[PDB]
């Protein structure tokens, strides 16, 4: 199963990605050494809806599941639609340890419906 996913560690500064799957690398055109330690926002760009980024911010603050459709950018500047499901994962004692993200490439909901 081709699974594009990244993991972030929130107990380190600015929630850096600590692991990215090969499907995520092949999708974003970045090398594995070019993503680790960075916040995922670098995929964002001029066309990224800031109102959607704000929702991701609230979901991380409140540590709950969210699903959003975003526009991200590859290393070479290409423009794709990212269907992204964010989800917390906690240790045995109920403390947040990581965030996992699951990506998907394609224009699922048409943009005129997403703008309303």
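Here, rigid core means the biggest group of C-alpha atoms that superpose within 1.5 Å across both forms. Residue numbers count along the first chain shown, from 1.
Superposing each structure in 4 other deposited structures of this protein on the rigid core shows that the farther-lying of 12-20 and 97-105, by root-mean-square Cα distance, is 97-105. The stretch 104-112 shows the higher mean C-alpha B-factor when 104-112 is compared against 21-29 in the entry.
Higher average CA B factor: 87-95, of the stretches 73-81 and 87-95.
Split the chain's modelled residues into thirds by C-alpha temperature factor. Residue 61 is in the lowest one.
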